[PDB]
Structures are given as C-alpha cells and as structure tokens.
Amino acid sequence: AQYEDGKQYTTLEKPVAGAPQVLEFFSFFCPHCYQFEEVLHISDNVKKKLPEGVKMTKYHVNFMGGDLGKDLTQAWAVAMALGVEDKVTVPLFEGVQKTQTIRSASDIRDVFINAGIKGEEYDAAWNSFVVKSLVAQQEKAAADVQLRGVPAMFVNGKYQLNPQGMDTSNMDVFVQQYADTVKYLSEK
C-alpha cells in the first residue's frame, strides 16, 4: 500500500480515548523542534491540508532544560489560556536557541510583555489554577502516548507519525509527505 503501518506512521499498542484529533508535542529547548517549527514549518504545513473541523493541539514537554523547561511548559500553558500562541512561538524559540537571552522565568515573561500582553494579565494567568490544570493536562497527555522524545505527533490517539520512515532526501518532499500522512491518518 502507499501508506503502511511501520513506514510513515506507527500504531499505539494502547490507544488514547478522548485525545485531540491531532496532537503535537514539542520543546522550546529542542533543536529538532526549532527546525521543525521555524525552518520546516511542519505545523503550518499540516494545517494547510487538514479537513474542515480538525484542530491542531500543541503541547510543551518538561523533560528538556530542567527548571527552565518546566517554566516553558507553564508559559506555554499561559499562551494557550490567553490565546497568544501565535504571538510568542517565534520569540520563545529564538530567545531560547538563537539569542540565548531566555535563561529564567522572568526572561520568558519579557517575551510576553514585549508582544503586548499586559504584565498584570500575564502574572494572573501564570499564577492561576487554570494554568496549573493546563500544565497537568500536557503532562498527562505525554503519559498517555508513552512519549519518549520530541518532536512527536499523534492522530486520534491511535497513530504516531514516523518521520524516520519518510523520504528524507529532499526537505520539501519530506514536509509534504509528513503533512499528507497526517491527513491520511485523520481520515483513517
């Protein structure tokens, strides 16, 4: 077949009920995630082929970067709660990995202030139980898919994208196959 279990994707032994339709895991500390998001634009390319009414969920992970990694998961929870993911994703990636000016929770907060989020609003979100719940949600989701590394993407809580089984000989062919595979899995 054109799409084959074990090639472009794998199948979880224990599928996850109630999982988001398309669930991506990343870290702002992860060099491959920087490439994935800032160079290859995989999430955008996946969105360009997704059907009507299929939402992309992106969760941050704790296990890269120690204390700062956890601060970044909490700040990603703030971004989701305030709906500002598309204002902070690029400056957070660049602040951690390009300029390396993000070394503390305050440096993360500066990115939000510079992007126009009011200081009192960031702080209220940062300290909120809504955000603590979103942190726990991201952690539980990683547990449910038995997450072993990032970047990773899962469809319908059943299928895991397998970029190592795709055509890596050309970056455009690769990105297209990845997005095409997500669409195939969403309809599967």
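Heads up: residue numbers just count along the shown sequence, starting at 1. Whichever C-alpha set is largest while still superposing within 1.5 Å between the two forms counts as the rigid core.
K.L.:
Kindly name the stretch, out of 33-41 and 153-161, whose CA atoms are displaced more from this form in 5 other deposited structures of this protein after the core superposition?
P.N.:
When 33-41 and 153-161 are compared in 5 other deposited structures of this protein, the bigger C-alpha shift is seen for 33-41.
K.L.:
Could you say which moves further from this form in 5 other deposited structures of this protein, stretch 162-170 or stretch 176-184, by root mean square CA distance after aligning on the core?
P.N.:
Once the core is superposed, the stretch further away in 5 other deposited structures of this protein is 162-170.
K.L.:
Mean C-alpha B factor from the entry: is it higher for 15-23 or for 174-182?
P.N.:
So the stretch with the higher mean C-alpha B-factor is 15-23.
K.L.:
Between 149-157 and 46-54, which has the higher average C-alpha B-factor in the PDB entry?
P.N.:
Result: 46-54.
K.L.:
Which third, lowest, middle or highest, does the C-alpha temperature factor of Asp86 belong to within its own chain?
P.N.:
For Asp86, the deposited C-alpha B-factor lands in the highest third.
K.L.:
If you rank every modelled residue in this chain by C-alpha B factor, which third holds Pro31: lowest, middle or highest?
P.N.:
Its C-alpha B-factor belongs to the middle third of this chain's values.
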